Structure formats: C-alpha cells, structure tokens
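Results of the structural survey
Here is what each chain is made of, one letter per residue.
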Amino acid sequence: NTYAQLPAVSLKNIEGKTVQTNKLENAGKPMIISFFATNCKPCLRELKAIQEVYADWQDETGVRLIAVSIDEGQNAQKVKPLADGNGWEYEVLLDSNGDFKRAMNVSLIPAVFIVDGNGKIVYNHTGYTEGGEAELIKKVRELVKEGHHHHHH
C-alpha cells in the first residue's frame, strides 16, 4: 500500500479516467501534491524548484509530483496544456468537483502536501510563499534517513 491518505473524492487524471484519491497510489514511492490554480507560474514556487531538481529527488527518494487543479474540470482543461507547454515531468490531476481543495484546505496557494513512502501524509505546508522550498527538500531528507538500508534501525 502506498496512497496519499486522501479523502474519498473522485478526481480526473490526465488519462481522463476517474480516479479516486482514497485509492490513489504511485508505485510504492512518496508523492508531493501541489495545489495550484488554473493560471499561475511564479506562484508555483515549489513546483518550479522541484521540477529543476526533480531527477535528483527521484534519484534519491524517488518522490513524484502530483499537480492538482483547485478548479473545476471545465476550467482545469487549461492545466494539462500548461503541463505540456511548460514541460512538467509528473502527473497532473484535474478536480472535476472543486471539493478536493476544500477537503485538504487550500488556504493559500501554493499548497504542499507530502506523502511518505508508506503512502501516508507526512508533511503539510499551505501558503508558505517563497522560502518554503527549503522545507520541501528538508522533509525529503527526513524520508531518506527513515529509509534505512535492509533494516529499520
């Protein structure tokens, strides 16, 4: 099991398939969910920074990024073209209900939810706004240290 400890909400992925967040699993690797609007660039401070060093992070913890649209499906139709145009190397989710943002509470974007390798929510940082990136990598390191080699101590 490696979900994201998400509420029972039905969302739409890039494939146009109805995926429930409660059952949302990557592949046994930790996940970072970035909550962002349907038209933002500098607001995606974490997403941009992580994107640049994304391979390094995958190299280590193998963490992936989940780009989720805090909008409705009709408006979120612009999220995926953003992903393609900008050059995002991760999964993108479109909220087709608009309740997912409410369920996780998006006080201020960007909102960061980090999921541990055990598929549980380990870190939350909503609306850090600049400088928060430091905390992103820091928690990543926490996961690395917890991942002991061939042992748990």
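What counts, and at which threshold
- Residues numbered from 1 in each chain as written, not as in the entry; some residues may be left out.
- Heavy atoms only, no water.
- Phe/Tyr/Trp six-rings, centres within 6.5 Å; stacked < 30°, edge-to-face > 60°.
- Pairing = 2+ DSSP bridges.
- Helix = DSSP H or I, 4+ residues; strand = E, 2+ residues; numbered from the N terminus.
- Axes fitted to C-alpha atoms, helices over the stretch in contact; angles between N-to-C directions.
- Contact = heavy atoms within 4.5 Å.
- Buried < 20%, exposed > 50% of the residue type's maximum accessible area, 1.4 Å probe, protein only.

This deposition appears in the PDB under the title "Solution structure of uncharacterized thioredoxin-like protein PG_2175 from Porphyromonas gingivalis".

1. Let's talk about the packing of aromatic side chains
All told, the structure shown has 5 aromatic pairs when counted by the stated rule. Feature note: the residues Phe-36, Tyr-54, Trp-88 and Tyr-90 constitute an aromatic cluster, connected by ring pairs.

2. Focus on the sheet that holds strand β7 (residues 121-126)
A sheet is described by the order of its strands in space; here 7 strands give the open sequence β2-β1-β5-β4-β3-β6-β7, paired in mixed fashion. The open sheet has two free edges, formed respectively by β2 (18-20) and β7, since each of these has just one partner strand. The average undirected angle you get between the axes of adjacent strands in this sheet is 30°. Both strand β1 (residues 10-13) and strand β5 (residues 91-94) contribute to a ladder of 2 bridges, which runs antiparallel. Within β5, the residue paired with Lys-12 across the bridge is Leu-94. Seen against the sheet, helix α3 (residues 79-86) touches β3 (31-36), β4 (64-69) and β5 and runs at an angle of roughly 160° to β5.

3. Observations concerning the pairing of strand β6 (residues 111-115)
Regular strands place side chains that alternate from one sheet face to the opposite one. Counting buried positions over the 5 residues of β6 gives 5, a clear majority of the element. The side-chain alternation of β6 yields two buried faces, one formed by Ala-111, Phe-113 and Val-115 and the other by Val-112 and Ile-114. Of the pairings in the sheet, the one linking β3 to β6 comprises 5 bridges and is antiparallel in character. Residue pairing in the sheet places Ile-32 in a bridge with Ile-114 of β6. As defined by bridge partners, β6 adjoins β7 across 5 bridges and the pair is classed as antiparallel. The partner of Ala-111 across the bridge, within β7, is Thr-126. Counting the residues that bridge the hairpin from β6 to β7 gives 5 residues, and of these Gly-119 lies at a positive phi of roughly 75°.

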